[PDB]
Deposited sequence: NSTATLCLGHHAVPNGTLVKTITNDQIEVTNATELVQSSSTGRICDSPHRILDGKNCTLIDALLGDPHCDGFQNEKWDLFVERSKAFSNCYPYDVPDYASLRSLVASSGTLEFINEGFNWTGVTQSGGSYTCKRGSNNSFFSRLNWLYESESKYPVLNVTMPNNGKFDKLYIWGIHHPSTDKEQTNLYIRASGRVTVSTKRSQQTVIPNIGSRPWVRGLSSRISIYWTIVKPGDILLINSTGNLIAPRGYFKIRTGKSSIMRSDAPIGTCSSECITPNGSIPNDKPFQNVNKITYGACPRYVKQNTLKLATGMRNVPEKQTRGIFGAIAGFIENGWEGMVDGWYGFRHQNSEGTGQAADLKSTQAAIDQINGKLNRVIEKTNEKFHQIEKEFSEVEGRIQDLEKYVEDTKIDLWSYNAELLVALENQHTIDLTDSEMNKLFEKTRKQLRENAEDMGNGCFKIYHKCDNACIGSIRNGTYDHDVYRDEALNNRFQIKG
């Protein structure tokens, strides 16, 4: 035979993967990678973030100084983990705007407390209760000071505490709501008391409401917790005629990246930057389906449980070229040559075109994988109580956010996959045209991805075509003689 065949082709695999594009919902590619993190280890890694396990204590109980929370005194955290088993074991209390106090302490990230010498002359300090046992002693919240009558007298208190420092001061104080009038008059001589806590710019007044309350841990009395922030150069001024649960000092309030999370996941010895209530998750992938509640450098939450990014070309199950099919038998390259000549048949991968496609697919992998982590503060996203307007707005904000990011994730994968298909198809065409330019007038396109070479073309000659060193002039006379005969 005075001719040879040179076919251009691409590889194929027996186990393709379905992905989505702009055109079709399901197209098979040779390989893909998952972009949605859907699994967790189940453990909260104690590195690199400072994790603080609240165990039996809520953050507020550790703030007030519930006795079984004494170990939390002056503690700091990057992430405070509140357990569902936590409980209160001191004086029954409520906190108006509980969520806001819990949030502002959590964000501050410290329970550092500085005692201050308040001048409570005329009243008895450190009132206790059998409902707040600390060891063998009736006691009280470690950071609050229960004031009451001294010598059957409760003089009007007018006590000041200036902030001469360079930091903000967080003062926690309260008001005692006795259950009976006798109880009211025994502790505070008057049948009713008043508290005004003021600064240069603010004032807070609260009236105790004597009366029976539903029984909670052996009492029908209550304490209401309030807070006051005193800026540097401002002054705390306390006026009371009874029922004041006084502060023993202030908490340092700092600005930082700390937060709080509800979780029953065990704390483990490992390292992971992203934390969810289900446990830590890796943050290599750009999206995650584990939990919309996150802490740290985290993939963005989406509704999809899987989004596959194509990392290879379309998978397509005498000799023939790429127009017909792909080559499962080609394992050492993505594109290559098959030939038939006087020496038989052969196959060789084209490394340069293979690397050009691989470099682009790895290129888009870096862009899709590095424009990734959400890294700012998080509102609450789960609610135990029905609250109306503001809770509705929080849910609406989070739902709007998730739908937009789910849309972004869906579009990104479809656009990226369409481009991956296009670029891998383009490399095939570029190799074919490159080969056709080499052959000049010595070959004809058979239309199936193969060239009919109109001269004797041994393996070294075929190698020169794969080489880019084929000299068409050497064979032109023979080839034109074979092509243009009658």
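K.L.:
What are the missing stretches of the deposited sequence, listed from start to end?
P.N.:
In sequence order, the gaps with no modelled C-alpha are 318-326, 496-497.
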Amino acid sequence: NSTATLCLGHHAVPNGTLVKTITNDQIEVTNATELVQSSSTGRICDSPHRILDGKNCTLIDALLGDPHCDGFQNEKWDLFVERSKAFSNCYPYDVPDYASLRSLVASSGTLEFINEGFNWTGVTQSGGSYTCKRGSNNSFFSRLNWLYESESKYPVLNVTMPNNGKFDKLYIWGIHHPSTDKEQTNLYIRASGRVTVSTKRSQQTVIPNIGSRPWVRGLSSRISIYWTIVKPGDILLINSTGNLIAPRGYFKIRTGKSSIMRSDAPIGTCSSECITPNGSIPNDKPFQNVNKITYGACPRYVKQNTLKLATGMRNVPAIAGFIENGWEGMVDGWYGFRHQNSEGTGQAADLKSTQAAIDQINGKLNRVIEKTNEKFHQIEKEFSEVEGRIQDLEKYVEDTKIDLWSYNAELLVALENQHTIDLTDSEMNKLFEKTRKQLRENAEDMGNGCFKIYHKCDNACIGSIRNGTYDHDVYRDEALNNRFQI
From here on, numbers count along this sequence of modelled residues.
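K.L.:
Comparing 383-391 with 170-178, which stretch shows the greater average C-alpha B-factor in the deposited entry?
P.N.:
So the stretch with the higher mean C-alpha B-factor is 383-391.
K.L.:
Test of understanding: from the entry's C-alpha B-factors, which stretch has the higher mean, 190-198 or 101-109?
P.N.:
Looking at the record's C-alpha B-factors, the answer is 190-198.
K.L.:
From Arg314, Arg262, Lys257, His339, which pick has the Cα B-factor that tops the rest in the entry?
P.N.:
Within the set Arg314, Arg262, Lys257, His339, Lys257 shows the top C-alpha B-factor.
K.L.:
Whose CA atom has the top B-factor in the entry, of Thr228, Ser220, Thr294, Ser406?
P.N.:
Highest C-alpha B-factor among the listed residues goes to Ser220.
K.L.:
Going by the entry, which third of its chain does the Cα temperature factor of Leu412 land in?
P.N.:
Ranked within chain, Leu412 CA B lands in the lowest tercile.
K.L.:
How does the C-alpha B factor of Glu478 compare with the rest of the chain: lowest, middle or highest third?
P.N.:
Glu478: CA B-factor falls in the lowest third of its chain.
K.L.:
So where's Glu398 on the chain's Cα temperature factor ranking, which third?
P.N.:
For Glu398, whose C-alpha B-factor we compare with every modelled residue in the chain, the answer is the middle third.
K.L.:
According to the PDB entry, is the CA B factor of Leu236 in the bottom, middle or top third of its chain, that is, lowest, middle or highest?
P.N.:
Middle third - that is where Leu236 ends up once the chain's C-alpha B-factors are sorted.
K.L.:
In terms of the chain's CA B-factor thirds, is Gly449 lowest, middle or highest?
P.N.:
Within its chain, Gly449 is a lowest-third residue by C-alpha B-factor, going by the deposited values.
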